Amino acid sequence: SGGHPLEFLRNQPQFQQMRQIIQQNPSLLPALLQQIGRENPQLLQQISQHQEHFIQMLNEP
Amino acid sequence: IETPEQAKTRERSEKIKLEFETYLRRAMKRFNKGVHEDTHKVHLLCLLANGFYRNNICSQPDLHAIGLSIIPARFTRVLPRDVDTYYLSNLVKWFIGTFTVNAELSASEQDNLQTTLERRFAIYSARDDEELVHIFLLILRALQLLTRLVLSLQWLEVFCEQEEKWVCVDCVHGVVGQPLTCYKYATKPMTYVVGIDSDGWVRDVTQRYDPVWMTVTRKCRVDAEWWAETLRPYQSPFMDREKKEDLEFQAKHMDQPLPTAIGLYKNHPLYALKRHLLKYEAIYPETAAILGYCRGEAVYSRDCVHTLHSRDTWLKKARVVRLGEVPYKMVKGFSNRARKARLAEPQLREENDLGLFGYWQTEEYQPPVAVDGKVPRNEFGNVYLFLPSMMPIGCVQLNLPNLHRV
């Protein structure tokens, strides 16, 4: 299949926590951006393309 | 005082260090620009996610039932297929005179948005404009009316089957069918305007409302491919409706006579001036229709402006310039000493002609056939294999050292 570069972050615990943050609590959403403010070159680099999997992962409860 | 040789070495070192520093500055500026663009895209995605969550909230049957319980029975007797602009105007006028805006209403951080909307319906008071828009959207959806909530990064769009067209509705100011007014009351920078329907499909309706779409907004929006990829999973299956909407948008865009600034015609598909044409660009046909005149300068469609390339360029592009054709365009060329001869004699600077042939003057390339066990060659005893399709038929390329010797 077309293995997306975001596949590894599927089971990443901090990535899962940020996904849960996006899903329910927008008060914690800026804190998610804080992770972006720490170090996230690859995540924002690859977030341009193949966002369907990213959106589905964010919607995952 | 340094010796001249040491001074020259020092100058070389300083120049190299300065060049590397400038390169590092360029790399840093590119990285910062990319990070800023990524952050803007992330913010746009976050706004889209918030809008999707709010729209999914606004699809609850309980809210629709509550809205219908307040709608008078005179409105329910009109079929959704028979909804007209006059009915929409009457409903908006009734809505304004019944629902009032009260900013003094308390904002609880714990209550859900659905509970807030239910309380606003019960008290018939809206905290702000957005809550009023949501209330009117729920009221419209109570009557089984196909309505899109439109946000600019808000109003409504109602699809009339009699017109088969979307009429814009602004509940706060009592505006129906006036996209210009909706653009007027929107946020100052209009770059993206999206209508999300009840089914969840998102349509970029920025073209209908923003007249600056083609002139400044196009140069100020995100990548068209990226936005298309973003909206692709949320494209409605009603392809014909999208096509009709796009045709109406094109018709509205063609209604604009001409922009006020010559600079707006630069690199514009609908404008495409004369002076702005590049080295490979030429108007074809030269008798093309004139879209207008700006400060004495004629306007032609960009489709009439074709990119012309040299004959060998077309050969590289798997195309053959038709034999005996007069070159449509004559431009300067960059070559070996034939090029520098123009510098040697300035009168020859414009004398050297590089024949650019249009796509209308080029046919598809045809690969050669090996003859008598010998590979067909170029004009100079070589075989150009920029594309594998240009390989002679019956010949194979082998990349072996001393193969020529063998």
# chains A, B, ... in the order shown; residues from 1 in each chain; ligands from 1

call {"tool": "closest_atom_pairs", "arguments": {"of": "chain B", "to": "chain A", "cutoff": "10 Å", "atoms": "only C-alpha atoms", "output": "tab-separated table"}}
result
residue	atom	partner	partner_atom	distance
B:31	CA	A:41	CA	10.0
B:34	CA	A:45	CA	8.8
B:35	CA	A:44	CA	8.0
B:37	CA	A:44	CA	9.7
B:38	CA	A:44	CA	6.0
B:39	CA	A:44	CA	7.8
B:41	CA	A:48	CA	7.8
B:42	CA	A:44	CA	8.0
B:43	CA	A:33	CA	9.8
B:45	CA	A:55	CA	9.5
B:46	CA	A:22	CA	8.4
B:49	CA	A:22	CA	8.6
B:50	CA	A:26	CA	8.7
B:53	CA	A:23	CA	9.0
B:226	CA	A:48	CA	7.1
B:227	CA	A:48	CA	9.8
B:229	CA	A:49	CA	7.9
B:230	CA	A:51	CA	7.4
B:232	CA	A:52	CA	9.7
B:233	CA	A:52	CA	7.5

call {"tool": "write_last_selection", "arguments": {"atoms": "N, CA and C atoms", "output": "PDB file, in the first residue's frame"}}
result
ATOM      1  N   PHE B  31      13.604  28.806   5.333  1.00  0.00           N
ATOM      2  CA  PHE B  31      13.070  27.946   6.382  1.00  0.00           C
ATOM      3  C   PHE B  31      12.003  28.666   7.197  1.00  0.00           C
ATOM      4  N   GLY B  34       8.842  28.986   5.117  1.00  0.00           N
ATOM      5  CA  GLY B  34       8.156  27.706   5.089  1.00  0.00           C
ATOM      6  C   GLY B  34       7.461  27.383   6.397  1.00  0.00           C
ATOM      7  N   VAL B  35       8.109  27.694   7.522  1.00  0.00           N
ATOM      8  CA  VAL B  35       7.498  27.454   8.828  1.00  0.00           C
ATOM      9  C   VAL B  35       6.266  28.330   9.013  1.00  0.00           C
ATOM     10  N   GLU B  37       4.342  29.512   6.613  1.00  0.00           N
ATOM     11  CA  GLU B  37       3.298  28.971   5.749  1.00  0.00           C
ATOM     12  C   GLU B  37       2.696  27.699   6.334  1.00  0.00           C
ATOM     13  N   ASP B  38       3.532  26.837   6.918  1.00  0.00           N
ATOM     14  CA  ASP B  38       3.023  25.628   7.556  1.00  0.00           C
ATOM     15  C   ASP B  38       2.125  25.965   8.736  1.00  0.00           C
ATOM     16  N   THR B  39       2.510  26.964   9.532  1.00  0.00           N
ATOM     17  CA  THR B  39       1.678  27.379  10.656  1.00  0.00           C
ATOM     18  C   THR B  39       0.354  27.959  10.174  1.00  0.00           C
ATOM     19  N   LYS B  41      -1.170  27.123   7.369  1.00  0.00           N
ATOM     20  CA  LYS B  41      -1.952  25.973   6.926  1.00  0.00           C
ATOM     21  C   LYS B  41      -2.531  25.215   8.113  1.00  0.00           C
ATOM     22  N   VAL B  42      -1.750  25.077   9.186  1.00  0.00           N
ATOM     23  CA  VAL B  42      -2.233  24.407  10.390  1.00  0.00           C
ATOM     24  C   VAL B  42      -3.398  25.176  10.997  1.00  0.00           C
ATOM     25  N   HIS B  43      -3.293  26.505  11.045  1.00  0.00           N
ATOM     26  CA  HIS B  43      -4.391  27.319  11.557  1.00  0.00           C
ATOM     27  C   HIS B  43      -5.635  27.175  10.690  1.00  0.00           C
ATOM     28  N   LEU B  45      -6.431  24.551   8.896  1.00  0.00           N
ATOM     29  CA  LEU B  45      -6.973  23.226   9.180  1.00  0.00           C
ATOM     30  C   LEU B  45      -7.704  23.202  10.515  1.00  0.00           C
ATOM     31  N   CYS B  46      -7.174  23.903  11.519  1.00  0.00           N
ATOM     32  CA  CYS B  46      -7.841  23.961  12.817  1.00  0.00           C
ATOM     33  C   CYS B  46      -9.184  24.673  12.716  1.00  0.00           C
ATOM     34  N   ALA B  49     -11.544  22.278  11.114  1.00  0.00           N
ATOM     35  CA  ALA B  49     -11.980  21.258  12.063  1.00  0.00           C
ATOM     36  C   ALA B  49     -13.019  21.810  13.031  1.00  0.00           C
ATOM     37  N   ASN B  50     -12.815  23.039  13.511  1.00  0.00           N
ATOM     38  CA  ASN B  50     -13.809  23.668  14.375  1.00  0.00           C
ATOM     39  C   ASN B  50     -15.131  23.848  13.641  1.00  0.00           C
ATOM     40  N   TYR B  53     -16.826  20.450  13.355  1.00  0.00           N
ATOM     41  CA  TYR B  53     -17.415  20.057  14.631  1.00  0.00           C
ATOM     42  C   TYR B  53     -18.703  20.825  14.901  1.00  0.00           C
ATOM     43  N   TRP B 226      -3.082  22.465  -3.049  1.00  0.00           N
ATOM     44  CA  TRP B 226      -3.255  22.074  -1.653  1.00  0.00           C
ATOM     45  C   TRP B 226      -4.698  22.257  -1.200  1.00  0.00           C
ATOM     46  N   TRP B 227      -5.314  23.382  -1.564  1.00  0.00           N
ATOM     47  CA  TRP B 227      -6.705  23.621  -1.190  1.00  0.00           C
ATOM     48  C   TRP B 227      -7.640  22.641  -1.887  1.00  0.00           C
ATOM     49  N   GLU B 229      -6.837  19.581  -2.780  1.00  0.00           N
ATOM     50  CA  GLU B 229      -6.667  18.318  -2.067  1.00  0.00           C
ATOM     51  C   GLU B 229      -7.413  18.335  -0.740  1.00  0.00           C
ATOM     52  N   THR B 230      -7.404  19.480  -0.053  1.00  0.00           N
ATOM     53  CA  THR B 230      -8.136  19.596   1.203  1.00  0.00           C
ATOM     54  C   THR B 230      -9.634  19.412   0.991  1.00  0.00           C
ATOM     55  N   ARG B 232     -11.125  17.933  -1.621  1.00  0.00           N
ATOM     56  CA  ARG B 232     -11.503  16.777  -2.433  1.00  0.00           C
ATOM     57  C   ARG B 232     -12.302  15.728  -1.671  1.00  0.00           C
ATOM     58  N   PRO B 233     -11.898  15.272  -0.479  1.00  0.00           N
ATOM     59  CA  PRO B 233     -12.737  14.297   0.238  1.00  0.00           C
ATOM     60  C   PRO B 233     -14.099  14.844   0.619  1.00  0.00           C
TER      61      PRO B 233
END

call {"tool": "select_by_dssp", "arguments": {"residues": "range 62-302 of chain B", "states": "strand (DSSP E or B)", "output": "JSON, numbers by chain"}}
result
{"B": [100, 101, 125, 126, 147, 148, 149, 150, 151, 152, 155, 156, 157, 158, 159, 160, 165, 166, 167, 168, 169, 170, 175, 176, 193, 194, 195, 196, 202, 203, 204, 281, 282, 283, 292, 293, 294, 297, 298, 299]}

call {"tool": "closest_residue", "arguments": {"among": "B:204, B:62, B:197, B:130", "to": "residue 171 in chain B", "atoms": "only C-alpha atoms"}}
result
B:130

call {"tool": "atom_distance", "arguments": {"atom1": "CA of residue 254 in chain B", "atom2": "CA of residue 295 in chain B"}}
result
19.8 Å
